[PDB]
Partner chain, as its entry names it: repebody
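In the form solved without the partner chain, a lone chain appears below as structure tokens.
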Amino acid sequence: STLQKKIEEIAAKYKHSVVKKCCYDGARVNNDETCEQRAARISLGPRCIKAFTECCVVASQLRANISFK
């Protein structure tokens, strides 16, 4: 367990943490604007932008395809 391995572990935790935040931010309902419009106002990294956009797009499809067995 080198120092390299411990830092790579922390770095991966940071990225996963960022993605998780950006995703659920995009997953929030926003009826006024499209996902592309909302993500255009994000000045953060491309990692955050992709997480935001994908979750925003997917969240919208899930909300429109919700049913009851």
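Numbering follows the first chain given and starts at 1.
The form solved in complex with the partner chain exists for this protein as well; it is not shown, and the discussion that follows is about that form.
- When contacts are judged by a 4.5 Å heavy atom cut-off, residue 31 does not count as touching the partner chain in the deposited bound form.
- At a distance threshold of 4.5 angstroms between non-hydrogen atoms, residue 44 is in contact with the partner chain in the deposited bound form.
- When contacts are judged by a 4.5 Å heavy atom cut-off, residue 19 counts as touching the partner chain in the deposited bound form.
- Contact annotation: residue 59 falls outside 4.5 Å of the partner chain in the deposited bound form, judged by heavy atom distances.
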